[PDB]
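Comments concern the structure below.
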There are 8 protein chains.
Amino acid sequence: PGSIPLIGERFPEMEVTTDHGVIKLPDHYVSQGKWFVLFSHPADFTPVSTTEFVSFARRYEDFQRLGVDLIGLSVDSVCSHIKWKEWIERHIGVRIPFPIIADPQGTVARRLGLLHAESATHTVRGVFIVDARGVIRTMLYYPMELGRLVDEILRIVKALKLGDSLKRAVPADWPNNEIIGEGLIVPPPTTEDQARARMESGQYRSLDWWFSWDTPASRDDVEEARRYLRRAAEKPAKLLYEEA
Amino acid sequence: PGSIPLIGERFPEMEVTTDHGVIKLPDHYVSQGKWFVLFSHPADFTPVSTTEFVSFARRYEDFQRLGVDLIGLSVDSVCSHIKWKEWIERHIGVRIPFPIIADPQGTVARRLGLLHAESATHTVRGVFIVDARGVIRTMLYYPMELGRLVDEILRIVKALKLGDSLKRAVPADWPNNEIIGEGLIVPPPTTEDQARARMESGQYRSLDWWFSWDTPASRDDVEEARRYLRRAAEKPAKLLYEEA
Amino acid sequence: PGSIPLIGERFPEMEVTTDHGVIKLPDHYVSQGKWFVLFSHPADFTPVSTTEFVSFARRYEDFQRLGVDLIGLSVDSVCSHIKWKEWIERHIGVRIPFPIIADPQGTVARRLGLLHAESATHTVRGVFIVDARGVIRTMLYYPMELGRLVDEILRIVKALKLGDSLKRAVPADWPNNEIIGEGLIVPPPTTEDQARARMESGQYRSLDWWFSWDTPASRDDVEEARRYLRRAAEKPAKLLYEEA
Amino acid sequence: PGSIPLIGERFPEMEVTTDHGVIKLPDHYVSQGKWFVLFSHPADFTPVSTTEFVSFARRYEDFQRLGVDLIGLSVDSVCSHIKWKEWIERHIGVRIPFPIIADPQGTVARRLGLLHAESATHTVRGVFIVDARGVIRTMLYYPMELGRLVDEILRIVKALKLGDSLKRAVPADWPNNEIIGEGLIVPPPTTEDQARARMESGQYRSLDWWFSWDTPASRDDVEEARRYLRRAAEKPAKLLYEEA
Amino acid sequence: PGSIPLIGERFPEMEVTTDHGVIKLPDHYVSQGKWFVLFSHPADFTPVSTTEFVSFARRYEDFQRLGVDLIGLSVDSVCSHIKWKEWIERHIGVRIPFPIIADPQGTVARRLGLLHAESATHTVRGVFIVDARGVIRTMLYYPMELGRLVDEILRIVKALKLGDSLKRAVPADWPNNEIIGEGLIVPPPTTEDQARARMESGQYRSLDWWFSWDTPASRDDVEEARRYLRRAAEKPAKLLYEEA
Amino acid sequence: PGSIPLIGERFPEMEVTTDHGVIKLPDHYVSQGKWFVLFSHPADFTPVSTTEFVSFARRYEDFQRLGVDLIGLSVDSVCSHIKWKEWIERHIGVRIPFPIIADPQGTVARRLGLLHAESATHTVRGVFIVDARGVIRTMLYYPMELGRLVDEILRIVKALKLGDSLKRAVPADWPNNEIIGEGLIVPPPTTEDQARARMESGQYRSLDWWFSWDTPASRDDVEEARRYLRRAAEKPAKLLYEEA
Amino acid sequence: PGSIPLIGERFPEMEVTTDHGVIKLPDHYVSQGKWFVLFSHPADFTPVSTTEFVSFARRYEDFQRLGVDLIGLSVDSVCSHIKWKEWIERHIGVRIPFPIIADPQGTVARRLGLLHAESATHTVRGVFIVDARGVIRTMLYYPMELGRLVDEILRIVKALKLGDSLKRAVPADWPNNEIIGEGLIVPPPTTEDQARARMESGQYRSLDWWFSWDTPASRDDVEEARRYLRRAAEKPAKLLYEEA
Amino acid sequence: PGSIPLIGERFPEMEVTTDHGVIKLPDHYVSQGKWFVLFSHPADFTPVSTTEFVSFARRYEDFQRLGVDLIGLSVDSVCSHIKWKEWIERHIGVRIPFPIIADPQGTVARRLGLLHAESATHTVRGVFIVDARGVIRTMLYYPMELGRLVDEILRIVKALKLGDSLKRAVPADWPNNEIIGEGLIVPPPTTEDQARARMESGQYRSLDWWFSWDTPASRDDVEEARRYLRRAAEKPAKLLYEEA
């Protein structure tokens, strides 16, 4: 096994070198009132990693609408990062606008547990979702051989921010949940007195005293979440390889 | 501040008590030639967890068809697991067919790093995808306040089985990748000789010696994967709360 | 092979989550000048445990009259505790009025030595009798297979309270001791001069200088304690399973 | 705190010196197919301890009916044990037929955790109920100031032995339980398949799939157990101090 | 082997429970300007031990007249001590007026090295002679099978007090030394100059510069010591077993 | 602050250099079926030590009659021992026939715990009484300022040999015990069955079941032990200083 | 400070990943009878490193002619190495024919002491000259800001090989030493007999018994070495930036 | 198996005994605004070491022009150093003007990592180039059997001082680099913003945004550096051996 930071912990304090300059994490993003998604890839000039950078870049505006910044990470150095970006700009027609951390001695990698048994030398496809307080909200470890579904990363941040802003929990497969649809869950009672007050209140649709929900998300909130999933499910209109 | 098992490692040898009896992991599933998805939830008779069990139960046939079994985990005991499943079948009309681990002392939870800072006593929403050799392939850690997207778990398992059988890596957002669509990536050359040989075979479409791909997945495999994402993107025709 | 708290020790300082909320032990009871009985059971929705909650519930007023509060404990979570009590009130027609601690990681169980070799993950049927100063006075460890005698727990608390106020030791089987009946024992002399002086005073009935007693308990005190034992001896007029 | 052996563990292998000679525990009883109750008292020529020794002696034949032997324990030496026994025979008219362990260095006391904070030098009123396989079944810790209810010790050994022979769990306050009276509880199902097979059997009375029971105890078993409690509840005919 | 306090060290600071109450050693005696003889015996109601208690009691005035208190010690408890003294008073006609320490966990015994290989559980027949400054002057260890010669304990104390007050060393077998009779020895010179001065000054009988003596002990001092040995040598006119 | 060998332990294996040659303790005496008395003195050419060597020398014959050998010990060298013995024969007229260990680095002294607080460099007046099996039977520690009573060392070996051969314990002050005179004590019963059998057998004089004795020592054994004490008590006929 | 391997030691046993594949050092070269120069550079697509790779590639045949292989090293990955080589081939017209180690976790850099205080993450410009036995012969540490003089690296391996072949030491600045020109030094005598015999044999030119030399190097070996230094001294007629 | 101080670190503080007296390193040279080259040699009166001292002595002027002092090091004592220098002056006609450290117990050698496997006892041919701030700028380790090229030591210090004053990196083989001749390299951009600003400024000749250079070294700086290399490549005019 290996060590990791945990959901509910402050992202560990660290200075990192990127292709945009030196930055402190998580302070650089807190100070801007921004969430960030830190994600890792094994090495520059690798194909699955290249497809993921293009996916993130296509979705950069959707992340900006949510007040979310993107930052990559591999063990390759800054000049390799910049050459790889230039190659993607020239050959695929896509500009990567977000920084990439250079982590040559694996210092960041070992701190975030991004070195798995699949490779002693190269990080797996780690994803840290960090809110504007610098708190880790969600962690995903995908392997070398499988690209990420970047639309699920938008769904996660949109639903987490909706949860925070309405004091609600978010049901499976939201906003297309099979029980309550675009409904959001009221945090259950934690005492018998709260359980009673809730059974007697009639304020919410309920299946039991522990399962109440309402529909407090705006139609804009619901449809933007659904658009991410519709894009994931859509056959692309024109493949970028064709005009390359 | 927590330890996890790692991608590429054997799922740790353990005996667990489920509401179906005592089993050895990963042996029980390895012996049947099955993959398994082990996932955790904080406690029984909690609403997000209930929406997730209903989502998994709706997808159970989709998992079975792939040669994949499901096993749950919370810190609650077997009698609570059985009462909760009875509750779901009676009040929602859905039978949960797969076992749930009872982990009251958190033995399993500490082994798998499922106790994060969000709760000292209750597991987060962890997901271990384990192949038929008993090897961990992917790990996801969703928080208390956010339900999983279960269709992404199906897409991960399908893309992994495809990549394993076709000897390919899977691009971002497969089968709807913006660069190569349903194409799968040839693992890149590891030497200058292999790179020269690959580029002077023209056996594959390529953007560079390190980015080659073909389209070896069948119509059926591709459409199966697209079915998962289309179900994720679509609002269900009727909601299960109406039927209660 | 396990540690325990000891008679004469302060009940250890701890914050516990109950189905009534968060409390500090023993402070929450010391602050009210109340004794408490903390008792454990293996799991919610187990039958012997259900019989014991119903027995405690029937005796709640008897405990209340001595200024003794009740608090249960199992490794199950709050929501399982509230659902279990709801099942008891619905199916047996008895409301459980006292809190149950939820101890999902066995933190409290390990602190009080409630995990024995009968089960690695579930608490035996422990009983801690703690006075208004927060001091452990008596400890009982019943196994999984055997319900407690709750009337003996009343008789212990009543006899302890009498012993403390009257400055007496309590004979075997009080208030029906075969030697001295409802007599209480004068703490024996600790010196030769004290022994000679106790014998020369002839203030008490004696069998020897180390064995003096008197009858200072009131008729109401003795009758209260004899009531507990008569209820334990007599078959209930009507069984609750009947009107179910 | 302090250390103790636990319910479900084999009584610790040990040679003890008693006023009947040296015996190995638990082998000396195992080898005769006998249960034993080992109990402790702080010191010889103490008044509460004397009342308890007389209680146990009066109930000697009730213990032998159950195939249970008695063995005592204090930090006093053999010659003190024999002088104390002679004093009880001479002044109270009661022969103590069962051995007492001499534990001068507290070697046995420390092994069984009989030294609590009430006294660094004298054992509290410990009770270890040990079955004919040498397994600890129940442990009670009464303090210096409070004599035991010896009839509850008979009720425990009778109920444990009945549970063992009829493969049943014993409800609270048996044989006077307020829900099922003299009924004994069928150990609950541990799987969903068994829970369903049980509720389709209609083989037993049931409040739910986890709360089944029947009435397999002999009327002799029931009335003997009730008789221990009726004796506990009975004002004695003639106090033994009268005739001294 | 095993650890001890040594001649010339302060008797270890300790609080001991006696049948006369709690006292602090050596303070209780130092604060009175009294020597004490602490002596041990294996167990109360043993026959050599009884003969030794009677021998000390007969010599109690001789000890008191020298400004020496007696205190005993066994692993037996206070009540046992007092019952044993009652037995000696009633059956031998001798009152034991001095205190006995109760040492049930062997705490004092381990401190004073009174547990030898002859018994793991009961002290041998240790004797600690302690002066009015709390300083250990002499230590004797007699075994279980052999009663002490109490007159030699009187001789040791009288000779040590004479040596201290007259600034002399005491010859072998004093006051019946075969070379110098009742003579006492001048501590020898420690320098060549002191040797020359002494071997010139002619103030003392000498066998050499290192062997000088005088006779500074009063006739009553000498006769007091002779009387201890004369009592040792003479068969008592009447044996206490006869007049019982 | 010192470690000692214990009664009941084998005398520690060691090779010592004496003024008679190198010997192995205890084996040199065990080989011959001899007891030995090892005694120490602070240094050669000290006056108390000289009186003690002369007292041992005069009693050599009494030691040889009991099959006891004598062996001395100081931190002085073999040359000093020979010069010292030659001085005693010339100036006092007494041959020292027994060997003295030379212990220059205090190797033997530290092993036997003979370095006490009185002197960090010179041995106190230790006595080890060792039987023909090489077992330590009694230990005495006299200080620098006080010579031994050698007749008590004879009485100890005599009483011990008599106790061993007759299977008896020896009362206080034997053969002049004030309760039973020259009587020897039968080891007390260790069980109730032995107590009752012994008492009703009438075989011995008794004061109680734990205090039995007879008179199995020959008149010669008794009068020899008494002569030691008579000699200890007698004013010597003529002093050796006068004819010196 | 930091740790290094040393001249005269075996190059540490290690498997390394290069852009030509996986090789074992030093075995891969030892098994071919080849020397190797392992050199490091901080990162790919850095300008000093690029000039050094071009210098090495220009001298590749000079190295091959001596039986010396070249192997580079940086913490950049294999794909980055190959893209950097392509760049050099495309923009400078120079093919890099030798392998580059990929050392992303700095496993090799730490083993060889290539991380200095100038950078925590990137190796300085290290040079290990390793002979055909696998033995380290010479180590150079150039910093980030200063490219190496590759002709001195040729002079070192040429001179070491001559010295090994001819059993000679090589004077400062060989083959242009100011004292002995192209002379090689005879290893000095290690004894006075050798010193006398060396001087008397008149076999060598000599300044003293410890300073003898001859001229055993072929004209071709000398001119090869002089050609390395003349190349180092002469400005190229055409600069490669002008043919880009 | 050796430790070294590193490039970028301050030369370690040490007091060293030389043949010019005690000096403190590096403060002695830092004080004067002087760089120093500290070099080592195995032992005095060894032939390769002699050729090296002569090569340094004859280049002393070139070192003085650069504000560089020289200091030697061997394990030989100060008297040997002075005798050795006298021998070089007398027999070769060359005065050694710089000090030599005496390092008899290898204190300095061990601190600078100058003891390698080639000799446990004698130092290899180490070179520490230390700047006027007392920082280590370059480290060379030549072996016993190979003399240094002292002109490369001048070239290093000349190139380092030039890089420092013009803020430039020095290409391979400067001033005869095969790509840019006497061109000096601008440190590469560390961000994409800097890369773009530099490429659209057109201020520098470039091969790419990471490879910019200009020619800001004076004709004198370039020709002085090139003279070092011309000297190294020139067959000496007359060998000093003939004059000796």
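Scope of the values below: all heavy atoms of this structure, side chains included, with no hydrogens, waters or symmetry mates. The chains referred to below are lettered A, B, ... by the order of the sequence lines, with proteins before strands, and numbering in each begins at 1.
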Max heavy-atom pair count under 4.5 Å with chain D, selected residue of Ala159(C), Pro236(C), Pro12(C), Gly183(C): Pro236(C)
Region of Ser119(D) that comes under 4.5 Å of a non-hydrogen atom in chain C: neither
Exam field: side chain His116(D) to backbone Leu6(C), donor-acceptor pair closer than 3.5 Å: no
Separation of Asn177(D) CG from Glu52(C) CD (nearest 0.5 Å): 9.5 Å
Structural part of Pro171(D) lying under 4.5 Å from a heavy atom of chain C: both
Which portion of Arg227(C) sits near chain D, non-hydrogen atoms under 4.5 angstrom: neither
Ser80(D) to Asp44(D) - nearest heavy-atom pair and separation: C-OD2, 3.3 Å
Carboxylate-amine/guanidinium contact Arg155(D) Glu152(D), below 4.0 Å: yes
Choice from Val186(C), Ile7(C), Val170(C), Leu229(C) maximising heavy atom contacts with chain D below 4.5 Å: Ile7(C)
Proximity of residues 85-93 of chain D to chain C, residues having a non-hydrogen atom under 4.5 angstrom: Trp87(D), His91(D), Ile92(D)
Contact leader toward chain D among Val48(C), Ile4(C), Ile185(C), where contacts are heavy-atom pairs under 4.5 Å: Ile4(C)
CG-OG1 distance between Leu184(C) and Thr215(C), expressed to the nearest 0.5 angstrom: 8.5 Å
Best-contacting candidate, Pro187(D), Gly113(D), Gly181(D), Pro5(D), against chain C by heavy atom pairs under 4.5 angstrom: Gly181(D)
Most chain C-contacting option - heavy-atom pairs closer than 4.5 Å, from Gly163(D), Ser49(D), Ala117(D), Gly8(D): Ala117(D)
Interatomic spacing from CH2 in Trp35(C) to CG in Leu70(C) - rounded to 0.5 Å: 13.5 Å
Residues of residues 138-148 of chain C with any heavy atom under 4.5 Å of a heavy atom in chain D: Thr138(C), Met139(C), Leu140(C), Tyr141(C), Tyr142(C), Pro143(C), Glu145(C), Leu146(C), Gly147(C), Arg148(C)
Atom of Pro42(C), atom of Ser74(C) and distance for their closest heavy-atom approach: O-CB, 4.2 Å
Centroid-centroid under 6.0 Å between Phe98(C) and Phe63(C) rings: no
Closest approach of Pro175(D) to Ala225(D) (non-hydrogen atoms, all atoms of both residues): CD-CB, 4.1 Å
Heavy-atom contact with chain D under 4.5 Å, split by part of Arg125(C): neither
For chain D, the option from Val150(C), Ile156(C), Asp151(C), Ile180(C) that forms the most heavy-atom pairs under 4.5 Å: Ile156(C)
Minimum heavy-atom distance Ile129(D)-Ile153(D), with the two atoms named: CD1-CG2, 4.2 Å
Distance (rounded to the nearest 0.5 Å) between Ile136(C) CD1 and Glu9(C) CD: 6.0 Å
Chain D contact via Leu149(C) - which portion, at a heavy-atom distance below 4.5 Å: both
Closest contact, heavy atoms only, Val124(D) versus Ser40(D): O-OG, 2.6 Å
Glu182(D) to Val222(D) - nearest heavy-atom pair and separation: OE1-CG1, 3.7 Å
Region of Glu243(D) in contact with chain C, defined by heavy-atom distances below 4.5 Å: neither
From CH2 (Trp174(C)) to CZ (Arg168(C)), nearest 0.5 Å: 13.0 Å
Top contributor to chain D interface from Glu118(C), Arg230(C), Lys235(C), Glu178(C) [non-hydrogen pairs under 4.5 Å]: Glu178(C)
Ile96(D) side, atom CD1; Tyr60(D) side, atom OH - distance, nearest 0.5 Å: 11.0 Å
Salt bridge (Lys or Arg N to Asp or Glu O under 4.0 Å) between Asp173(D) and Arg231(C), worked out: CA-CA 10 Å; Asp173(D) 310 309; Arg231(C) 175 175 52 212; over 6 Å; no
Close aromatic pair by centroid cut-off 6.0 Å: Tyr241(C) and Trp213(D): yes
is_close_aromatic(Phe128(D), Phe39(D)), centroid dist under 6.0 Å: no
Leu115(C), part contacting chain D, at a heavy-atom distance under 4.5 Å: backbone
Region of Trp210(C) in contact with chain D, defined by heavy-atom distances below 4.5 Å: both
Chain D contact via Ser212(C) - which portion, at a heavy-atom distance below 4.5 Å: neither
Contacting moiety of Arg59(D), where chain C heavy atoms sit under 4.5 Å: side chain
Best-contacting candidate, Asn176(C), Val94(C), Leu207(C), against chain D by heavy atom pairs under 4.5 angstrom: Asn176(C)
